[PDB]
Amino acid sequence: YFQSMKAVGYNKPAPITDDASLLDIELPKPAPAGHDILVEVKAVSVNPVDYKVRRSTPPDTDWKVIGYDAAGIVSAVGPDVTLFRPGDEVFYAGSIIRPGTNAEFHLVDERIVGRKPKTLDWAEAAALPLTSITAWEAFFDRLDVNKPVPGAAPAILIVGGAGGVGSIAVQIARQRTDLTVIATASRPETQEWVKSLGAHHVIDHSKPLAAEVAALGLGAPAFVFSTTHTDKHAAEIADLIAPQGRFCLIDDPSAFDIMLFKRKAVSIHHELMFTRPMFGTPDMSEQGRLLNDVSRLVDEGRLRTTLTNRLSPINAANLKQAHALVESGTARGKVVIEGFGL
């Protein structure tokens, strides 16, 4: 017989309103080899990647399990692991090419795993990993914000400051760079919240962005980081950004015109937090290390959880609801589902 576990998964990619779009299932409990740890998952969060996968990609397995955020306890370690031991509390995102965190136990490479912040509970920690790695790599590996753009305003504009990535990216920009942080939100309440997360200025992305930034009287931002609606804002971004500035996007515009950026010699940077573990690059262990840095900043009180919606337990009914909420594009912050049971 095989030791087993509960999981949430699917076999037919489908809109969330289909009954079998996500199903409660039972699967063999895996065991860790090499550099993998096995984590007893305590909570997971839902990201736009989860619905994009779910709607399109079938198992290659009778079941496909997704989830790219967890916090949990290390249950067992492969023979090559040196970074964690059983009992350690961890948070991490994992890898798009490996079964995901929507299961009681989950394998993940020790090198992309962070120590869970002690001051957060399971759900508050689970809100953070994917979005933190996305923002941190965007600022420091892609944009390279500590390298100045000559003549620019020492400023970054974060488009979509209230969503999953925005709500951690604004805090990281405020606590770990000397930039002036300009973030966007379009209802008074989400504006107030982005401002409370650390944005120095908050502008309204229902208005043309360039005129909004010009009115602040700070000059032209060196950096722009766009988390959503890049095609609607691309021209305004090219207008407001400094010559020789740098623009990073993480969304998937379907007709982005790079020629808008030519006259200013602006670079366009993708950030995909899956790239490092997917290709097994030599700096892949930077993801575990930055998570440890984030974890320390959380425990010092410099960063805080972006959890705004908590559901329980992790089952299909609650994952479906969390997916529909992320699909809607209207939620602020992060939705986390915690526990297994009834």
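For every residue, the number given is its place in the sequence shown, counted from 1.
Novice: Can you tell me which stretch has the higher mean Cα B-factor, 238-246 or 170-178?
Specialist: Mean B over CA atoms: larger for 170-178.
Novice: Once you work out the mean C-alpha B-factor for both 274-282 and 28-36 from the entry, which is higher?
Specialist: Comparing 28-36 with 274-282, the higher mean C-alpha B-factor belongs to 28-36.
Novice: Out of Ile96, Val81, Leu128, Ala135, whose C-alpha atom has the biggest B factor in the entry?
Specialist: Out of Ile96, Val81, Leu128, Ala135, the record gives the largest C-alpha B-factor to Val81.
Novice: Taking the values straight from the PDB record, which of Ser254, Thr184, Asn102, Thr227 has the highest C-alpha temperature factor?
Specialist: Of the candidates given, the C-alpha B-factor peaks at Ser254.
Novice: Would you mind ranking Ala43 by its C-alpha B-factor against the rest of the chain and naming the third, lowest, middle or highest?
Specialist: For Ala43, whose C-alpha B-factor we compare with every modelled residue in the chain, the answer is the lowest third.
Novice: Within this chain's modelled residues, let me know which third the CA B factor of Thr190 belongs to: lowest, middle or highest.
Specialist: It falls in the top third of the chain.
Novice: Taking the values exactly as deposited, rank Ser267 by C-alpha B-factor within its chain and report the matching third: lowest, middle or highest.
Specialist: Lowest third, going by the recorded CA B-factors of the chain.
Novice: Would you mind ranking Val294 by its C-alpha B-factor against the rest of the chain and naming the third, lowest, middle or highest?
Specialist: CA B-factor rank for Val294: middle third.
Novice: Looking at the temperature factor on the CA atom of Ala215, which third of the chain's modelled residues does it land in?
Specialist: CA B-factor rank for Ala215: middle third.
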